[PDB]
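Residue numbers (UniProt numbering), protein chains in the order written: chain A, 134 to 152, 161 to 177, 209 to 455, 461 to 537, 550 to 685, 724 to 1036; chain B, 134 to 152, 161 to 177, 209 to 455, 461 to 537, 550 to 685, 724 to 1036.
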Ligand SMILES: Nc1ncnc2c1ncn2[C@@H]1O[C@H](COP(=O)(O)OP(=O)(O)O)[C@@H](O)[C@H]1O
Ligand SMILES: Nc1ncnc2c1ncn2[C@@H]1O[C@H](COP(=O)(O)OP(=O)(O)O)[C@@H](O)[C@H]1O
């Protein structure tokens, strides 16, 4: 326990501060949301691998630093662990250099007790691989297959591959911080992992950070109020990095007397204005920017985050100017372990990477943007998600004084057309390219802030599919849909803001969109309060939404009260889907009130899998009689029995009824309803379709059911009847109906266990020039060899129809 | 759970019927006797391999079919298993064709979800390898040693070897149906198996089957009564296959008006008469029989169960005649999977195999029967157990009209001599050939039904050893022993019919057998009711049984009452053995009553290990005095102490006593009985032998014991005394007796721990021309190197004796 105490004390001094203010002081709690969560037990469960997902600047880099100092005081994991090893991927040089040297280099200059005594018990070491996205070089998916020898690997790729696969040291605890875009590489290597998402700051947390940052509270409230006054900056301060930048810029200009919350349109504006405040006291510089942007170019082109002294002089800098750049945090990143250089944050290097593409040494901007645009997704050059974003933002001539007139409009205008061309290229890309997602493009599109450009750029969006996670994700999407005049089908994806104070802003966009026709909100956890504000927006005049799908939503009975209102007011809804909702007979009782109103004109309606009984049939029958606009009504999967169908059918036998479709799949059925169904078929005269499946229809019921179908003036075109208990003894009646009735088009009898004699009873009746012309479904039916070939030859005899049996898949 | 439901439904339709009547209707319970049993739990215990033993036609083939349909409804093994695979060994072509293709071919034509998703978890698949006896080709004991690769084996022998050994798929559940003759191949491959024997129908079950078969119950009782009237057919209807054949033949002739239960002598008669009813409506045919018998010949010669279209035309058939053969079940076996052909049952193919050997294309009957008779047991050509049986039966010119006069008597007469010669060849075979067992020959001999032929054929049976299992096994043996006039020693083996209604028929045979002398009923579970009927038969005059052995039988005290009766009546018993029976002092009290009767003359008597005490010694002493015929009495292993011996000896010291032998091995003994034993030795004058061993004889007892032996007029010839606690201090007295008494012949002192000085005390006394001439046992005694060689040289000096010490084994 000698060196164990020394190592534990050694970590305390190194990580006391982040390279000034105590880390124990300014640190605040982050949203440790467990992706399918106490800071105590990331490793309580026998899962021995944890991965952290977080966007750039969300605080992954220093979350581990707080975790390791918090360990060093014994407050976190004092029992299962007494050794912690920090693996900074930024400093890692993995191109055939490193051995297990990671262990000696971390502890102390060169002691080797732990290299032998500590490696013995594997439950004593975990590895904190910070920033796997910040890996440098070409990381092939598979390098160094055979790797088990302990002390000698000598290959950086082997070390990372083996340690992740837990082959170098079996039973090894891991906790790695990865950017969410990098999970594609992880999925090749992860084996039974645990995924945790890292969010940012809350409104209360933002106020706490400002108090913990501003020493003089007299202006802290004034600065916070100025920050709180802005609506875009405040919601952009969920990322802690932005809070640091706005605080530094305000405090840097505090000696000058300026503010920051005026040019807070997008991410480019706040960083460019920071660079304004980063250079307004300071200032040649563009060449120094050229010296570093090109250094930041090949630093992402060839993946060189760290900067050498020779590289510093290679592009051409001044040590005093570098120190001037150091002293007030341009990059200010000099490693204490050895004399190297780095940028302050990842977005700053990528911000200057886009600066090179707009200034006017390895890839020219105009010609090599196109190869970059197709190199955008390739991990070989890292990920350039922010590279284009700042490039997209910067061309909009941000209102900063000396960030407009030192760059050239000739390239920027050419860039605008190239970016506009690229958006269409990605939009028309049929293949499901994961990295240039529609949401990611909207992030760049929101960064435009140009009204006419986004109008023409987004006009290449016929179908919009959006998944949302954060509050900022709502505003970026809101700015797009508010001026998309060519959108036809739209959808939303929620995974978290469902309160009416948040979804109202986005939902208000839909009501004011003329081109919008379809809304797909299915498979979401949108609750009743969220549903209530949706109906408020739908009542707005001019809402051209026609068809909405609300399947699998968390809707309950009390939501139907609002839906009855929009039907009684809006006449644009034509198709409404409420399948898979836990609304009882009371919900239909409220819903049927709105449908009975003569103002509404609804044609289609889905109530599949809704918790319903025979009681709702009485209420729904009234609508079926008076609602002239109701044509199709798929009410299958419900628990209503034969009693409910009798009530529904007795009102559906009116010759003036408009019910042209009806589905009763898997609903409790017997042979009694066949008599009622027979009566409506001969009297309705326009029941074009009728779907039955999975029922318990009486074996004798078909005899009663066909009694009504044999009536001349019936126009049933499609009949589906599967999984019903049938026997070959009644198969004769099926043949009689098939030959007699000419209205039928396609009839399917799926997996209905009937004798092979009845199948051959159909062979001649089809050969007798019958009236079944479209399809005949007999799938999931097994016959012998001599029976199977008999149906095959009839296919060629009658090419006008297509018999559907299942000898294959 | 998509394809799992489809597969489960797929099995239901395929196996609903056995290629007409519902399998759910006519199926009835079979005797699922567990060989060392609910249909619920064959696989409850962690044993992961089950093998089923059953004779041909007992129902192994369709027992699995019922099991798999019963599974398909979820009634059997719904939890541990959801996938069942049927491996029909008849259809298996194992000569370097098959891959894992067994899995795709069974499910559906060609889907491959289960080939990848289902093979993952081995606790999801079991294999139903039906009829391992029906394997075709040369099955070597060891083919394909290395076999672990999953998807590619390509060798049929490798697949069967690996799957049985559970190497292709570790942790695999197996349930295989095998004919009992085939266990020799199984024992090479089985690893921790579970064996279950399958019996047939009961009398009540036979009645139930007739009711379930005959639609019109008016004649079902009449047909059953006609069946029940026959005594051989009814007991032959324990096999379900025979029930099917007799029912079909009666129903086939029901349109004609004939019966079946008149030519029911043997298995050949019922099948030949079935073939009569199989051809009386039909009928050229012999050539068609020649076309199929030769096809059935090379189908067992080269092991080709399945018949090809080319093979059908190769021998020469007619498709209409084949269809005529199909339509009323000659073989009627066309596979639904593919257009092949097969025989209806295994015995039918082997019945026609013997038909070729009696008609007049690959093995001539007369010359190649002899090679067949030595190829009878070789598994290379399958097993020909039924081939000879029908051949043995058919030569007896069965009373069928057109089954006598189309065949040639010239070959049949030559066959008779060859079969008669073969029986002697197998009878004189000293080696323990397992397959041509004595019981199996009697099965063929019973099928003769020829009085004079079986007389001369069985005259080559000096010793008869029979093991019986079923009721039919009793009648086949009964028909043999009833006319065996040269039997000397006979034995029975029971493993199940012990009720007096069954064993009486066989036991009545023994009483009427003149040549019979010895009966060995030892090591059986023959109870008192079975013992009671045995004594009833023994009282029959003319019973020439002299010596009976009844060791390890389940006899109790109440059986001795019957045994006392046969002794008081029959004067032929000379040797009676009752060793290892749980009969108390009361049993001897009843037994001694019969022995005291002057009519009985019993010489030898064994009461070893019987639960006895000193009380029985008083009763047994009276017999020892009055029973003049009693000479030897081995009453060792009993719990009687020294007190009992005193009572027994005090009556045994009479000079007129005839007790020439007496054994008291392991009975509780002390030094007190030596005085009584000394008194009898000097007075009895004819106690030739006296055996002692494992006692607690007093160390000083030998001094008292030798006191009587030193008397001149004593004629003790053999004395055995082992395991008695002895010391070298008394070893001097042993030497004095050895030199003095001239009556002793062989004296053994086994493992009696005495000093090496006493052994050398005997070295000189033997060298002094002593009177010990036959043997001197000193086994289980350990001496040093210089002591061991001293006894070795004395062996060559005196070749007239053989010292018995144990330096080796
Ligand atoms: N919990 C926190 N409290 C205060 N500031 C934070 C916190 N987390 C991150 N930061 C700010 O983020 C900056 C560093 O971000 P970093 O963790 O390096 O981002 P990344 O994880 O993407 O590399 C620091 O300047 C720091 O001020
Ligand atoms: N439980 C049963 N009930 C009725 N018949 C049976 C039963 N078991 C077997 N059978 C009869 O046996 C015949 C098939 O025998 P099989 O099982 O093929 O014999 P093996 O198992 O020796 O191949 C069928 O014709 C059937 O009538």
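The C-beta atom is built at its ideal place from N, Cα and C for all residues, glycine as well.
| query | result |
| --- | --- |
| DSSP three-state call for residue 144(A): helix, strand or coil? | helix |
| According to DSSP, residue 345(A) sits in a beta bridge with which residue or residues? | 298(A) |
| Using the Cα positions of residue 649(A) and residue 655(A), report the straight-line distance between them to the nearest angstrom. | 16 Å |
| Using a Cβ distance threshold of 8 Å, determine whether the segment 956-971 of chain A contacts the segment 924-937 of chain A, with at least three qualifying pairs required. | yes |
| When you compare each of 462(A), 767(A) and 527(A) to residue 739(A) by their alpha carbons, which one comes out closest? | 767(A) |
| At the level of alpha carbons, what is the spacing between residue 1037(A) and residue 599(A)? | Summary: the structure shown does not reach residue 1037(A), with chain A confined to residues 134 through 1036, and so no result is reported for it. |
| Buried or exposed for residue 618(B), going by 16 or more other Cβ atoms inside 10 Å? | exposed |
| Using a Cβ-Cβ cut-off of less than 8 Å, list which residues of the segment 505-520 of chain B approach chain A; keep chain order. | 513, 514, 515 and 516 |
| Any C-beta of chain B within less than 7 Å: which residues of the segment 998-1014 of chain A qualify? | 1007, 1009, 1011 and 1012 |
| Tell me, please, whether the CB atom of residue 363(A) is closer than 8 Å to any CB atom in chain B? | no |
| Kindly indicate which three-state DSSP category residue 1004(A) falls into: helix, strand or coil? | strand |
| Are at least three pairs of beta-carbons, each pair with one atom in the segment 848-855 of chain A and one in the segment 877-895 of chain A, less than 8 Å apart? | yes |
| Per DSSP, what kind of secondary structure is residue 775(B) in: helix, strand or coil? | strand |
| Who are the near neighbours of residue 517(B) in its chain, counting only those whose CB is closer than 6 Å to its CB and skipping five residues on each side? | 483 |
| Would residue 1035(A) pass as an interface residue toward chain B - the criterion being a Cβ-Cβ separation below 8 Å? | yes |
| Using 10 angstroms around the beta-carbon of residue 1037(B), count the other beta-carbons present and answer buried if the total reaches 16, otherwise exposed. | Since the first residue of chain B shown is 134 and the last is 1036, residue 1037(B) is not available in this structure. |
| What does DSSP give as the partner residue(s) for residue 366(A) in the beta ladder? | 222(A) |
| Any contact between the segment 578-585 of chain B and the segment 601-610 of chain B? By contact I mean 3 or more CB pairs, one from each, below 8 Å. | yes |
| Check for me: the beta strand (DSSP E) holding residue 920(A) runs from which residue to which? | 916-920 |
| I think residue 651(B) touches residue 677(B), with their Cβ atoms under 8 Å apart; what is that distance to the nearest whole Å? | 6 Å |
| Please go through the same chain and pick out, in chain order, the residues whose beta-carbon is closer than 8 Å to the beta-carbon of residue 492(A), but skip the five residues on each side of it. | 467, 468, 469, 471, 472 and 550 |
| By the 8 Å beta-carbon criterion, what residues does the UniProt repeat "LRR 9" (970-991) of chain A contribute toward chain B? | 978 and 980 |
| If you follow the beta strand (DSSP E) that residue 652(B) is part of, which residue opens it and which one closes it? | 652-654 |
| Using the C-alpha atoms, what's the distance from residue 220(B) back to residue 313(B)? | 22 Å |
| Given this structure, state the Cα-to-Cα distance separating residue 860(B) from residue 786(B), to the nearest angstrom. | 20 Å |
| Please name the residue in 354(A), 277(A), 213(A) and 300(A) whose C-alpha comes closest to that of residue 226(A). | 354(A) |
| For ligand 1, is there any heavy atom lying closer than 7 Å to the beta carbon of residue 168(A)? | yes |
| Here's a check: name, in chain order, each residue in its chain whose Cβ is nearer than 8 Å to the Cβ of residue 164(A), leaving out the five neighbours to either side. | 148, 149, 150, 234, 237, 238 and 241 |
| On the CB-based measure, 16 or more other CB atoms within 10 Å of its CB, does residue 174(B) come out buried or exposed? | exposed |
| For residue 443(A), verify whether its CB is less than 7 Å away from any heavy atom of ligand 1. | no |
| How far does the alpha helix (DSSP H) with residue 663(A) in it reach, from first residue to last? | 660-670 |
| Would the beta-carbon of residue 522(A) be found less than 7 Å away from any heavy atom of ligand 1? | yes |
| Check whether the segment 790-799 of chain B and the segment 824-840 of chain B are in contact - that is, three or more C-beta pairs closer than 8 Å. | yes |
| My understanding is that residue 384(B) touches residue 167(B), with C-beta atoms under 8 Å, so please give their C-beta distance in whole angstroms. | 5 Å |
| By how many angstroms is the C-alpha of residue 282(B) removed from the C-alpha of residue 751(B)? | 57 Å |
| Specify, as a first and last residue, the run of the beta strand (DSSP E) that residue 288(A) falls within. | That residue, residue 288(A), is in no beta strand (DSSP E); its alpha helix (DSSP H) goes 286-289. |
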